[PDB]
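[1] Here's my sequence, what's the structure:
(chains A, B and C)
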Amino acid sequence: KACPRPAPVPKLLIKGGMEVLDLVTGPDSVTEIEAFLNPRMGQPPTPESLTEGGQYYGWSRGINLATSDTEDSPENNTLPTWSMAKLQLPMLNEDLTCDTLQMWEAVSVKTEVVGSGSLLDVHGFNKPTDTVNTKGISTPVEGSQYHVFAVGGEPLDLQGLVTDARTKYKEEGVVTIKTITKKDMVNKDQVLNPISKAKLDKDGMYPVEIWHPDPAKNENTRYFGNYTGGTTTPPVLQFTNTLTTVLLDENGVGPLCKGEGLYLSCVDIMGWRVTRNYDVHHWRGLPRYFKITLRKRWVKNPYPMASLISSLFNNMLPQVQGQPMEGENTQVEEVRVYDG
Amino acid sequence: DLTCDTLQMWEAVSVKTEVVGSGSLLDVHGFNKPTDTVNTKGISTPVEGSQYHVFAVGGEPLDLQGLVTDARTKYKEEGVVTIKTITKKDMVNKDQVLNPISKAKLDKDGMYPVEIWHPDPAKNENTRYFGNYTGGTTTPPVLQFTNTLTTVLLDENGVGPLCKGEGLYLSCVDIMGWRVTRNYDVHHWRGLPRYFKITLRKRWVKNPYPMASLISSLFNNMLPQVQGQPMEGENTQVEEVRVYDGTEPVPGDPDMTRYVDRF
Amino acid sequence: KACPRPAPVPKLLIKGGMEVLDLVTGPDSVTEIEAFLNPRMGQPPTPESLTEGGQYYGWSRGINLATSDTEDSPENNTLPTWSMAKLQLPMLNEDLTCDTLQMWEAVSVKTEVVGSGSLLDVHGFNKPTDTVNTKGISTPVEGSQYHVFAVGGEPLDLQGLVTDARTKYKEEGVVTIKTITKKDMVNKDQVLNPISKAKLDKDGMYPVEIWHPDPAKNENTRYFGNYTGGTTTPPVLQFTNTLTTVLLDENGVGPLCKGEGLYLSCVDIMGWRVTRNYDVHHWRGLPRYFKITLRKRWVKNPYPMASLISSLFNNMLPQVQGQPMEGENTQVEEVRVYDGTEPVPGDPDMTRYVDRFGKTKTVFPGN
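    Numbering: from 1, shown residues only, chains lettered A, B, ... in the order given. Take a look at the structure below.
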């Protein structure tokens, strides 16, 4: 009316947790999910006490070197590994009159590594700057850093590529190139072996030092990353809650969620700290916060209904043995076909 | 279509490249020189040093140029291609700087060292090459994953590498630095593999197969081959050549000096 | 008949060496010239032998310091210098009817320091990394780096500025601030003297520690450079045949080659190499490849042809000296210029003048 009216903004419909997604929202609504991933790298979170586990939670346990060129065992609780998570979104509408579907579509993302100011803790029992007298400042976190994240509609497809391939990783509790292809490592696993591939499926189990995000032929995942080697490289980080990332493809399609799950993955190694002893080198990693903005897109169902009905029946039913009713020793005797 | 001048052939429109394997440099166990050497404890130092990333997408093999730090180095003449292997003589002092004679192509693979052969900026080129170098003895490596944005191989006229013959040539070198062993400090380089994804489309061009060449080799291969006195090269016995096309008014000095410094 | 038509791209007339330019083409012809400049820093290229010259070609010879604060003499094969070259282009058309004439106009340039990967030569005889045993890696080329290039229609106007004005450079084979201004240097030549200006006539003669590209009032060249000091600073480079520079101006003109030559200049210092015996940091440089794209532009001729022809023909007359009729001791006591006709004035001893626009009766002197 004559009364002043404020500029329109997108009308918030409902706020809360994941249960919010059960609301039938409509065909043109946008969903924003905030989540985070903790740096599962080395020490597992389970010994909750700060004295029995020393609470190196968020740090690796301790990097012990090798004793010879051929003998090298990385000690699983040392290796920093990939963090991943999957959000289970609801099922959507469809239209079998036109064989057209609806599925989620991650449109954009705001990421941020939380907790850099924490690296300003310069007291503590680390190696001192003035070591001759053990005075000054506890040398803060420095070194090789590695920041990767990935937002997709299906688990991250990654590749095996290692440094020295004689390395004897523990054969249980960690996923190594030997765990996937049941034979040992070869030399071609040192440069690139199109056989040593995997999916980042579990969590906290695929060491970053072995499995790298793989550029497959046709991909449904947007992954960004950067590396910075060295031994004393000063860590650098940036925050802001303003700038986003667009996940749209060249056709403006973005990651459509296979099944209904949206997959997030990340690793953020910020360096390693040195103890006032034999210079043990516990890694450090910081949690990464994701904010994904998705919407509902109409897609064409590319498969015949009868085919996926048969597939559903084949997957639901057991796969059995029984007496041979086909082949060389058929027990089926005769077959007759009438019409009228 | 070898009856009309038109003919179609491939054309690289864009490329998506990525050096895959960066995180593997975080393997800080193992038998390299340790961080703290007085007690031989700490961290087996990671890969550092001079790094050199070049790649090139083209329709014909990379044209390379020779330039060496030291022209007195004695590279083995068997199993590696060197300025000697191509110029057939010893190296000249002009090979510590640009020498327009030490030119080659990338015929072989794993044969042309990078301390000698660099991507050559030939005047007419069918190849797009990108590169960056970072020296130092302890420089930390830096890399970047992403599957997001591409490189456009189009030229200023919007053509991009036309695959002549019918092949597409990819070339690359990715040196990340050297690891120093726990011994006599023997460094040795590390290199990571590079993944290319090229987007090709078909383009109509004019015919590069001149039938005149064949219907002239049919004459040439009926006559013997005799060199005679040199009418081509550096001892040319061809004094002067001039081409008349039309009719112009009778000039003054017909062989007028066109350059100002000649006066 | 209906075979499909390919796309239109510029048609190449003839390619080859510089003589290709002798073919007269027209007003829309575009020319692209490739060239390279070698690093002339210290050891000259002349002793072709690899034992008598040691072949420090492309390298400086060797750096010896100053024995005391007062005396500091740097040798001529120690100082890295500017590289330059001139490409003499043909003559173009004129138009005496409308007093215009066309000139070569350098539109754009693709440049690149070629030879970066050669610094991956870490074998050889330099200071090793593990000095306590003389083992490891022959330390690579590092240190103060300095890249400059410049494309213009006239030699690079440059300017002198030195860290030490008490340095004794040699009087032969190198152009110093003492060569241009015949007097020895002063302390102004340590900060900025508008008096110590030069050009880039010579090549491999102007040391880079003295002569810097000068931001004159006017300029017909475009020069781009970057410096990076230090003692250990790692060299960094980039190559690609896809990046171009646009030499155009704010008005969209670019370097007009006045006098049809086109001048290229450059310096590319990558850092020093340290020998093993003593502490020496040889200066190292790489060649720079230029590719200039030029077109033909009509420009109004600035100077009246009548003035030039009259000055040329008056210069052949027999000059004679008699008595001073100009200057401070003039012997001419009058000049009166009557133009029209006016009624008889009053004061017949009057004076009339023209001030900066117009003619006025000189102020009535009864002040």
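[2] State which one residue of the stretch 201-340 of chain A is found closest to chain B.
    Closest residue of the stretch 201-340 of chain A to chain B, CB to the nearest CB: residue A:230 (2.9 Å). For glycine as for every other residue, the C-beta is placed from the backbone atoms N, C-alpha and C.
[3] And for that residue, nearest residue in space, chain neighbours not counted?
    Of all residues not flanking residue A:230 in the chain, residue B:140 sits nearest, at 2.9 Å (CB to CB, 6 or more residues apart in numbering or on different chains).
[4] I'd guessed the residue of the stretch 201-340 of chain A closest to chain B sits against residue B:49; true?
    No: contact between residue A:230 and residue B:49 fails when scored by CB atoms under 8 Å: they sit 10.6 Å apart.
[5] and residue A:191, how many neighbours?
    Counted by other CB atoms under 10 Å in any protein chain shown, the residues lying close to residue A:191 total 14.
[6] Could I get the contacting residues of it?
    A:161, B:21, B:191-193 (CB atoms under 8 Å, 6 or more residues apart in numbering or on different chains).
[7] Those residues into CSV, with extra columns for secondary structure?
    Shown next, in CSV, are these (DSSP: H, G, I helix; E, B strand; the rest coil):
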residue, secondary structure
A:161, coil
B:21, coil
B:191, strand
B:192, coil
B:193, coil
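[8] which of these sit farthest apart?
    A:161 and B:191 (11.8 Å; CB to CB).
[9] related to what we said a few turns ago, need the contact list for the residue of the stretch 201-340 of chain A closest to chain B.
    Counting by CB under 8 Å, 6+ apart, residue A:230 has contacts A:143-144, B:46, B:48, B:138-141.
[10] just residue A:65 next, same as before
    Applying CB under 8 Å, 6+ apart, the residues contacting residue A:65 are B:29-31, B:34, B:41-44.
[11] Same question for residue A:34.
    Residues near residue A:34 by CB under 8 Å, 6+ apart: A:289-291.
[12] Just the buried ones from those residues?
    Buried by 16 or more other CB atoms under 10 Å in any protein chain shown: A:289-291, out of those.
[13] picking up where we left off before, looking at the contacts of residue A:230, which one is closest to chain C?
    Closest approach to chain C among the contacts of residue A:230 (CB to the nearest CB): residue B:139, at 4.9 Å.
[14] Phi and psi next, for that closest one.
    Residue B:139 adopts backbone torsions of phi -70, psi 130, taken as degrees, to the nearest 10.
[15] Residue A:58: neighbour count?
    20.
[16] Verify the contact between it and residue A:45 for me.
    No: contact criterion CB under 8 Å: residue A:58 and residue A:45 do not qualify, at 9.0 Å.
[17] Which neighbours do those two have in common?
    residue A:38.
[18] correct me, but residue A:47 touches residue A:53?
    Yes: applying CB under 8 Å, one finds residue A:47 in contact with residue A:53, separated by 3.2 Å.
[19] Beta-bridge partners for residue A:293, please?
    residue A:32, residue A:108 (DSSP bridges).
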